[PDB]
Structures are given as C-alpha cells and as structure tokens.
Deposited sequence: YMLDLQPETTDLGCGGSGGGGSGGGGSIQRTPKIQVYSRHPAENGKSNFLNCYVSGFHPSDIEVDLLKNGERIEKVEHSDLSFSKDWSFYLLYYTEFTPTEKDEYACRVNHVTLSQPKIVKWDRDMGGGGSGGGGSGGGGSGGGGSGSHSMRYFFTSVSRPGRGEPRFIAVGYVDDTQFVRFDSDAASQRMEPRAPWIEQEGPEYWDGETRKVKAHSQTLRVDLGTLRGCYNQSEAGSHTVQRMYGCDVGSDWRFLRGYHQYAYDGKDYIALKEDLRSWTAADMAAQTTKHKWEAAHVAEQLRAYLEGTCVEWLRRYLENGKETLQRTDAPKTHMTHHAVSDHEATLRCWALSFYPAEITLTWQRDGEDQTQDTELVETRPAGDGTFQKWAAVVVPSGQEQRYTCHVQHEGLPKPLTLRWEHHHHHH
C-alpha cells in the first residue's frame, strides 16, 4: 500500500560505482540434474548495465533478470538467471558491461563451488531524445518482493510478485496503479527540475531515487519510518528518524527543505509511516504468513559456507574476505566468508553456531 499524496506536495523547489559480480548455481551442481545459473551484480551506479550468461563461448538465449532495486547507499543490484542442466563438458560464465569498465568483465562459473518491514523503491532515469524517463518501482516486505511497476512494460499496471498479494481485488490494484503512476509523474518532473537547479545539459542521463517504508517489532508495533531521496546516487533530502524534520545535503536541497517545511510535507508523511504503512504491513504479514513469517536456518559447512537461509540478515565472522549475501533465486539466500573458528549469527538460529 503506497503513499497517496497530490503530485504538488513532493514538488522540488530549486559519483560512479563499479559492480561486484557473483556467478553461482541455485542448488549444488549435479550433472544431469536441472538447476538455475545465477549472475548477481550489486553495488553499482548508474543503473545502466549489460549482463550476459555465457555457455561454451556464446550467449545463452533466454535469460531473465529481477526488477531493479537499490541498497541503503543507493547502489543498485540485479539477479540474472536461467534454467540449465550442467554436464561435465559445458562451461559457463557471466559477462558484465558498465560505464565504469574499460572492457566487459567475464567471471566464470566455478562448478566445484522477529522484526518486520515494508519498503518501496523508486528509480527514474532520464533518456533525452529517447522518450520519457525509465521508471521502475518495487515493493518489499522484509526480503520478499511482492509488487512491481515498469514503465517500459506493456501492462502499465502494478503487478504482483508474491503469491499472497494476488488475493487482492481490483480496487486494490486500481489504487496501487493510480498511485504508482503519480509517483512516476512526480519523478519525471523532478528530473527536469533538478537539471535546472544544477545547470546541467539536456543531453545527459540522470537518475532520481526515492525510498520510504516502516519497521515494526516482533509485536508488530511501529519502530521506525523512512523517506529518503537521491539524485545521481548522492543524498539529496531525507526525513530524519523523528519524522518531523529534514536533512538537506546541499544548497539546492535546502530550498526544497524550506518549501517543504512551510507546506507541511513531513506531517503528511508521518501519518502514512506511523499509520497506513504499519496497518497494511500487518495485513500483508497475516495474508502471507506461510511465506513471510517463516525463518529458514542456514545450512552450514578456510571458507565458511551458509546456504538456503531466510531472512537475508546474517553475520559471518572468523576468529578475511566475506562476500555479499546473494539471492539463490527461490526466496532463500547464500553467503560465505574466508586454531580458527567461524561465528554464525542468524534470526533462524537458537544461539550462534561455531564452525571449527
């Protein structure tokens, strides 16, 4: 359930990161047994990226990818995947091209290896001359995506991405579609506005990112709310933890801050984050209790491995190189780190485990 404000309320008034790449299978590879080959790219900015899955020196034809989302530091992440049956002779790799790379990078597949939250992420990237900006919105409950919207897709509707949200009727999807299009119109106007506030050329591509949501404890009571904004991967304006004042990053954001303090925008957001957001999060937790209220403990086994766990939050410490937690593609997550002992903290564990 998204925010429902008028477009003029969030009216604005006035650094490249290279991707980390991981190639892996969803399950442990067995020759002759069907599996999924994954390429996980994360930590990159801007969002424009080209990813191929390779089999024996050529491109795999039917490769799908997840909806574009970003982390707390505004860097993007994507999962590219395809169904495959590995054999002894076949060799697989992932190729990634990005503005930060002087040539495409190839990473080969090594065959031999509580609290709750609702979040909404919005990304708008301008394409001068090629039309309106590319707009993608995604909604999360914990680490489970449940809705999405792509401006380039054919439906022009908010679409389900979890089984439990398909229960909702047409009135829900009509309202979500209407609201997500209003989020898109606001972001498009902001892209044109922000180019003027920074005196930038009309030919360059720029990115606007918006995030908001709410946390609740194990008692499903409100803990914290968020509402943050970024331009080209850098903090622009953010609502503080008290949800009553703004953090502006530069002089252009200070003018928006004063326009938003006078028009009382923070008060309209706090009503949503403390009320509506919490209310519908509890509705989602109830309707998807078989999915959302589960915890899968990591199957564990110098390299400490942790597989098939949910939620994604985990801690692996050696008593050193730790990879970013990665999606298996089936709702679970994976991670590993590199006299000695390995400590594993996870919500699905009674007490921290120790691997020697």
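- In sequence order, the deposited residues that have no C-alpha coordinates form the ranges 15 to 27, 127 to 146, 335 to 346, 365 to 373, 393 to 401, 420 to 427.
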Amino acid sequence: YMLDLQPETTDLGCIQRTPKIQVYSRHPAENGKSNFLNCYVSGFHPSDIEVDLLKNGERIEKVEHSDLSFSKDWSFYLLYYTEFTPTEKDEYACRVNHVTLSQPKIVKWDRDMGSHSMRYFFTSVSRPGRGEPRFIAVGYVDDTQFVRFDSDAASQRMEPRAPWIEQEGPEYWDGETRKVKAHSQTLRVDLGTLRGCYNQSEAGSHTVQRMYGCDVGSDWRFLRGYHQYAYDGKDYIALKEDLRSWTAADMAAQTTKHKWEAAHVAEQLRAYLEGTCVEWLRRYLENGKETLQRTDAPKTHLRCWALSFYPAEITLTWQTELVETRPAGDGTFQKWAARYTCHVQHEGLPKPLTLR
From here on, numbers count along this sequence of modelled residues.
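- According to the PDB record, 229 to 237 carries the higher mean C-alpha B-factor of the two stretches 75 to 83 and 229 to 237.
- Look at the C-alpha B-factors of 324 to 332 and of 309 to 317. On average they run higher in 309 to 317.
- The entry assigns its greatest Cα B factor, within the set 48, 290, 30, 64, to 30.
- For residue 220, the recorded CA B-factor ranks within the lowest third of the chain. Only modelled residues enter the ranking.
- Among the modelled residues of its chain, residue 20 has a C-alpha B-factor that falls in the lowest third according to the deposited record.
- Sort the modelled residues of the chain by CA B factor and residue 140 lands in the lowest third.
- Among all modelled residues in this chain, the alpha-carbon of residue 150 has a temperature factor (C-alpha) in the middle third.
- In the PDB entry, residue 244 places in the highest third of its chain by CA B-factor.
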